[PDB]
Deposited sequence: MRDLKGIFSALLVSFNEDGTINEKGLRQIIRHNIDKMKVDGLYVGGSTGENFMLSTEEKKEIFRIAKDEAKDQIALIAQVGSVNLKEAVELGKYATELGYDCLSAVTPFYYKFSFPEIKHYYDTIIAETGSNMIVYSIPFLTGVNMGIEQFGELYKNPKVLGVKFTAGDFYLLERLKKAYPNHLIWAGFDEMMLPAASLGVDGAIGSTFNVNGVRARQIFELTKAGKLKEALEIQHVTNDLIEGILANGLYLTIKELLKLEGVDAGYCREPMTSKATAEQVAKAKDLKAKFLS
């Protein structure tokens, strides 16, 4: 398959006031990432896409739109995880059918699952779809058990545990790791992660790529300067409301990024809009 290393934006979705998908806005978000953020790929249907508040049919519509808009211009990963394994298989089969380059799946949540249940969940998605898989963050022995399946490619690493990150890269050198924390891209890159999947790349993809590339070249003081500016921006984004602020920043770039999906607050308050305007002036102008 296609090269999956590098910078992947976790695709945000544009929603209408009524909560339905705004297709025109979603396609503008996709075009912004490919053409302006210059991402290596998109991670579709993840947490950042407000995926878990949606129906199976809405998830399928998003997978269709993103693949139709992106075509073969960039790599595409489809997050199909769920508490419902039959739904994960159904979404995995559909994304595979659409031509996604690989699948990914959050560990099943809501209930507490044992490690064997989690491994069976990943092995079943893989067996039923025929597609390769990127897991989510478990310790070194458990990653080894997951990696016994040759179709598990690696992990979207979110644990804030850089000792575990080092251990994983040492023990499983041929498996890939994508950093899942945009605000810790530098230290993750210092340990040799293969790429990053993140929500903030939808608007800060230029700096993210710079950090990643400068860090791999050993230009740590300059990379740190860019991580500092990036984190000032991320700090403002987190305080103001993560998905709504990224969408409001996209609107300032002429992208119809729309509303958030309920039960998340759907409409940005005037204060949230004002803060996004300030953040754009300070960090993205």
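- Gaps in the model relative to the deposited sequence occur at one place only, 138-145.
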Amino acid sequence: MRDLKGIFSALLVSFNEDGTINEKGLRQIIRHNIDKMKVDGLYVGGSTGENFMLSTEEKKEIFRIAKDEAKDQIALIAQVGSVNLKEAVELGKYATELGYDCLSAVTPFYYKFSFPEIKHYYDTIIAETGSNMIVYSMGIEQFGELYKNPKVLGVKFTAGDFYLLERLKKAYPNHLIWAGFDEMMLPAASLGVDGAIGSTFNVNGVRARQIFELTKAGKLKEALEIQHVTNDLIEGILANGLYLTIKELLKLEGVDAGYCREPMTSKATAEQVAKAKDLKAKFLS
From here on, numbers count along this sequence of modelled residues.
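In this text, rigid core is short for the largest set of C-alphas that superpose within 1.5 Å between two forms.
- Greater C-alpha displacement in 5 other deposited structures of this protein (rigid core superposition, RMS over structures and residues), of 82-90 versus 138-146: 138-146.
- Higher mean CA B-factor, judged across 7-15 and 266-274 from the recorded values: 266-274.
- In this entry, 68-76 shows the higher mean Cα temperature factor of the pair 82-90 and 68-76.
- Considering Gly139, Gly205, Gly198, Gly154 together, the PDB entry gives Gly139 the largest C-alpha B factor.
- By the numbers in the PDB entry, the CA B factor is greatest at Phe143 among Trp178, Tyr121, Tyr100, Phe143.
- The deposited CA B-factor of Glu166 belongs to the lowest third of values across its chain.
- Per the PDB record, residue ranking by Cα B-factor puts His228 in the middle third of the chain.
- Residue-level temperature factors show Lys251 in the middle third of its chain, judged at the C-alpha atom.
- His32: CA B factor in the lowest third of modelled residues in this chain (values from the PDB entry).
- The entry lists a Cα temperature factor for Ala189 that places it in the middle third of the chain's modelled residues.
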